[PDB]
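Chemist: let me give you the complex in parts, starting here:
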Amino acid sequence: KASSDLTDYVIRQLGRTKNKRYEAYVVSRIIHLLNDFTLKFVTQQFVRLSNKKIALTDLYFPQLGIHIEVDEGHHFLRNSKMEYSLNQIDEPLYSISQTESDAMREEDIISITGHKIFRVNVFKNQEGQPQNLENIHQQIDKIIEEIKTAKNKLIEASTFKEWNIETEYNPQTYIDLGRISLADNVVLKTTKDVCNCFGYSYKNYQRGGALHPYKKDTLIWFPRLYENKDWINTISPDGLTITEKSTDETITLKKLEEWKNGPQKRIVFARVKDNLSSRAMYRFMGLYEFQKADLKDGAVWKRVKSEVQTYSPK
């Protein structure tokens, strides 16, 4: 039973509304020729550019940290919000206008720092004259080979953990591991789970933050990393720096002392929309420590640690 979840995930991931003309063929061919479902993959993954604009990559393997983007330059897409711009080589060529990027703020957006991006060029030249299938299949094949070599590089280092739908959103799996890391790409369905990972007995949790039971200097935090009515929060494209401020200056002057004398460490889980079904979920961004407090720029938290230890229920 429950082997249908893999099928549903795969179908829905390959069944998204197409942003590009040649995307579907390349993505599907890569997935099918790979034929390894122990490797989790995401289509149309939102990423954060150095330019602070929101971009997207057509294929994403979180475990291997590998992106695959098809390049059809300029003019062939029909009536979409996407735009064609040049950026760093490790960043995608397709972005979204800042106007439409502010509406998608709640969506899941990650950092591409350290990630490698491969491009598949479908056009011989301008005007969208297609290129013969042979070379495209060559590109796809060498990309796949690179992926496999990466996976091998991970499994020999024993850093590779197999993909399971059922256990990946389960807190107990992370209690058993028991470390929670960025390399594992950890995201949980709700706040109660994240709280229960650290030893809480909580049945449901509606509160914005909770003090770490086994560490007096640490605070479990569930921030919105974008701007909403209550707070103005930002995060650097590298994910190293997080700024927290408030829309009202009364709350701002009131929170300063609480931040300065309060717990100096915070474990950050950011609230994000799921790429499928649009449900609120929480992604682990790291372990941050308090750096400085200004009124203008707000509070500045720097990222000290990329891994956090979990605990059994108390």
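Modeler: Now that the structure is in, tell me what you want to look at. Numbers count the residues shown, from 1 in each chain, chains lettered A, B, ... in the order given.
Chemist: which residues does residue A:30 contact?
Modeler: Listed by Cβ atoms under 8 Å, 6 or more residues apart in numbering, the contact set of residue A:30 reads A:59, A:68, A:140, A:143, A:144. All C-beta atoms are positioned from the backbone trio N, CA, C, and that covers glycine.
Chemist: and which of those is nearest to residue A:312?
Modeler: When the contacts of residue A:30 are compared for distance to residue A:312 (Cβ to Cβ), residue A:59 wins out at 37.7 Å.
Chemist: what is the burial count for that closest one?
Modeler: Neighbourhood size, residue A:59 [other Cβ atoms under 10 Å]: 24.
Chemist: show me which of the contacts of residue A:30 is closest to residue A:177.
Modeler: The nearest member of those to residue A:177, counting by Cβ to Cβ, is residue A:59 at 27.1 Å.
Chemist: quick check: beta-bridge partners of that closest one?
Modeler: Beta bridges link residue A:59 to residue A:43, residue A:68, judged by DSSP bridges.
Chemist: I'd say it and residue A:27 touch.
Modeler: Yes - with contacts counted by Cβ atoms under 8 Å, residue A:59 reaches residue A:27, the gap being 5.3 Å.
Chemist: select the longest helix from chain A.
Modeler: Counting residues, the longest helix in chain A under DSSP state H turns out to be helix A:133-155.
Chemist: CA atoms of the helix or strand just after that helix as CSV?
Modeler: Once helix A:133-155 ends, the next helix or strand along the chain (criterion: DSSP states H and E) is helix A:165-168. In CSV, the C-alpha atoms belonging to helix A:165-168 read as follows (Å, rounded to 0.1, in the frame of the first residue of the first chain):
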residue,chain,number,x,y,z
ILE,A,165,8.0,9.9,0.6
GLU,A,166,6.6,8.5,3.8
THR,A,167,9.6,9.1,6.1
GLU,A,168,10.8,12.5,4.8
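Chemist: check contacts around residue A:140.
Modeler: By Cβ under 8 Å, 6+ apart, the neighbours of residue A:140 are A:26, A:29, A:30, A:33, A:120.
Chemist: drop chain B onto that structure:
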Amino acid sequence: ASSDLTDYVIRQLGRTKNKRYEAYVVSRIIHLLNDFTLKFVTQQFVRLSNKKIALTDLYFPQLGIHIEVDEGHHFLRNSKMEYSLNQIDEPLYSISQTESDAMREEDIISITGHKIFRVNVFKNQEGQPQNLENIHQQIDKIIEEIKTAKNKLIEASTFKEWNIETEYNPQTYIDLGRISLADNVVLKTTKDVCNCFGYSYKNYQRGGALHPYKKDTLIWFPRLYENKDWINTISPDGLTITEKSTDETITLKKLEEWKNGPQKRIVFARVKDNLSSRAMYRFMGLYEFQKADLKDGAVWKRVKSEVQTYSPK
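Modeler: One more chain to add, chain B, which I have set with the ones above:
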């Protein structure tokens, strides 16, 4: 221009999916097969044993092989489709007669001699449930079958490789010497098929053409469905074609022309291309005049599946 191959492939695999599991299975079959010397068509309209119009998810014309996925009644993207059981090799998915009447102009072929494979996404034959891995097996088996089929054709030297550029060119058809049903021949316009038989025509607007090299044969470009001027039908086996007109007076006046006229007709039916919705003409055969009545119309039987071509005179 080898780009036409790729454009064709991506557009064929880029159709709006009627079924939920269609895309995955079809694409996996195509990619794992990895033979593009085999022409394939997706969402091919076929005519069942009855008069209803059905469709198959994948079609190989060269091998005469169809592949259909069975997801059951639900998971329907198009609500007007229907789920029914039929003759031994026939698709399980059909279209309502109301919406099939809008599909008259579409290209519709005969599945009689063709073999059909089913992919069972839920329970296969023998009653055993399946998900993921098992499905792949089915696919794999299908692939093997396909491969064997090709081999079975290629050892008998009946197999002819697919080349995009030359298949719509009349010159190659005057060069090889024969136009047959096995090659699955369709041309872009009337002037081309006319040029196959030796005409010099720059453009041809006419419904029919006298054969230059044969006085007893007539080249016909009928609509095999019902339109304003004529009511035409063709049997699911493709052996019998019936023609009559909306006005019975025109039928009565055309009776004598039918009996005293040329007794054989080379038939190219006007059909919509599966892509781009442009009028194209598919070769249905060489037909002989059988009979004519007032009540049920004129009646044509198919004597030959092959016709001889000629160089321009």
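Chemist: could you check the angle helix B:22-33 makes with the longest helix of chain A?
Modeler: 90 degrees (axes from the mean of the first three to the mean of the last three Cα atoms, to 10 degrees).
Chemist: helix A:133-155 and chain B in contact?
Modeler: Yes - for helix A:133-155, a contact with chain B is found by Cβ under 8 Å from any Cβ of the partner chain, at A:133, A:134, A:136.
Chemist: over to stretch A:79-87?
Modeler: No - Stretch A:79-87 stays clear of chain B (Cβ under 8 Å from any Cβ), getting no nearer than 15.9 Å.
Chemist: next one: that stretch to chain centre, how far?
Modeler: 21 Å (Cα atoms, centre = their mean, to the nearest Å).
Chemist: give me the contacts around stretch A:202-222.
Modeler: Stretch A:202-222 is touched from outside by A:190-192, A:194-196, A:198-200, A:223, A:262-271, A:282, A:311, A:314, with contacts defined as Cβ atoms under 8 Å, 6 or more residues apart in numbering or on different chains.
Chemist: what about those residues, which are in helices?
Modeler: A:191, A:192, A:194, A:195, A:196.
Chemist: drop anything exposed from those.
Modeler: Among these, those buried by neighbour count (16 or more other Cβ atoms under 10 Å in any protein chain shown) are A:191, A:192, A:194, A:195, A:196.
Chemist: chain B next: which of those are close?
Modeler: Of the residues in these, proximity to chain B by Cβ under 8 Å from any Cβ holds for none.
Chemist: show me the two of those residues that sit farthest apart.
Modeler: A:191 and A:196 (9.5 Å).
Chemist: got the domain ranges for chain A?
Modeler: Domain ranges of chain A: A:1-162, A:163-314, per curated CATH domains.
Chemist: quick check: end-to-end length of the last one?
Modeler: Translated: domain A:163-314. Terminal residues of domain A:163-314 are spaced 29 Å apart (Cα to Cα, to the nearest Å).
Chemist: chain C should go on the structure too:
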Amino acid sequence: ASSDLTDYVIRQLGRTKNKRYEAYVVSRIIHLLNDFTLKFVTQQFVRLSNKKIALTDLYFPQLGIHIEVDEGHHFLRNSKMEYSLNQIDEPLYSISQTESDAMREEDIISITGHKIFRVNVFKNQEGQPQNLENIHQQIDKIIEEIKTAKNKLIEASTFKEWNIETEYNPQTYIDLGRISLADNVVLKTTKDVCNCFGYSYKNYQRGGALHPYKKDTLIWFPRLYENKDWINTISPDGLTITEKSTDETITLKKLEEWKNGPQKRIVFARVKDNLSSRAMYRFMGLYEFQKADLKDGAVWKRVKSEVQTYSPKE
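Modeler: Following on from the chains above, chain C is added here:
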């Protein structure tokens, strides 16, 4: 069918509340007024002088009168609205420019010459509300203002009573003979406005339409916001309309086309109906061609606020 009036009234007073005290004040004004010969609109989108998009709680088109409720800094979270100060004849409630670009297709009018009355719901801001009696006094004097306005219009014979059935029918405007801004004229589709000038059209899919009885004038159905093909804008006073296109080539080829004629254009703007949200077309005026140039594109200035109609041509 007098039920359309009922449906309209119920749906107008049944909108989702932007503010806490909106419903009470608006409904009390409407009920105590008890005059249905006066058309009224709730949550009417208006265009501020500073180019921000604003909205008014109650709107009488015939009298050109707006009524706004003030509870500051609160505005029923979570609302996209914001509280800022502006012109005396302009509302205190606005929308963030981020949400203003998504609302482009909405019906937005000019408040120039319009009078706005304010209802202050609080005695001590913030927190504690005020007493009913005083608020009712404000509402009463506002209602009296409405009545004396109506009287000053009817004694000048400029007032035309409100009828649901006849207002969307072209024949009534053919009988009246003139389409004016003071009448607040909006039609349900293009075929109707086309038929007002003498066309027999059953359906019209084209943006522009040639005036049958005048060769120098053009019936125009532009989108006054930015869409896929071209970019058009309109000044808050409605005096100036700028027309450009997304591609500069077509602008350059349309430049001479703009220069030779037709030098006059009667404008019906495409707007979303405040109820049921199906495309409708509002008459913005009679504009004349001023300038041809790149960037801001062609510039049209409004020469006339009224246009004469004609019987069907045959």
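Chemist: mind listing what's buried in the longest helix of chain A?
Modeler: Buried-residue list, helix A:133-155, by 16+ other Cβ under 10 Å: A:133, A:136, A:137, A:139, A:140, A:143, A:144, A:147, A:150, A:151, A:154.
Chemist: can you pull the contacts of the first one?
Modeler: When contacts are counted by Cβ under 8 Å, 6+ apart, residue A:133 touches B:2, B:5, B:6, B:9, B:36.
Chemist: residue numbers of the stretch 101-250 of chain A in contact with chain C?
Modeler: So the stretch 101-250 of chain A meets chain C at A:102, A:103, A:228, A:229 (Cβ under 8 Å from any Cβ).
Chemist: go again with 7 Å.
Modeler: A:102, A:103, A:229 (Cβ under 7 Å from any Cβ of the partner chain).
Chemist: which among those count as buried?
Modeler: Counted by 16+ other Cβ under 10 Å, those give residue A:102 as buried.
Chemist: leaving out sequence neighbours, find the closest residue to the residue nearest to the spatial centre of chain A.
Modeler: Nearest to the mean C-alpha position of chain A, by Cα atoms, centre = their mean, lies residue A:110 at 3.5 Å. Spatially, and ignoring its direct neighbours in sequence, residue A:110 is nearest to residue A:47 (6.0 Å; Cβ to Cβ, 6 or more residues apart in numbering or on different chains).
Chemist: what's the neighbour count on that neighbour?
Modeler: A count of nearby residues for residue A:47, using other Cβ atoms under 10 Å in any protein chain shown, gives 20.
Chemist: ok, now which ones touch it?
Modeler: Neighbour list for residue A:47: A:55, A:56, A:57, A:92, A:109, A:110, A:112 [criterion: Cβ atoms under 7 Å, 6 or more residues apart in numbering or on different chains].
Chemist: give me that answer again for 6 Å
Modeler: By Cβ atoms under 6 Å, 6 or more residues apart in numbering or on different chains, the contact list for residue A:47 reads A:55, A:57, A:112.
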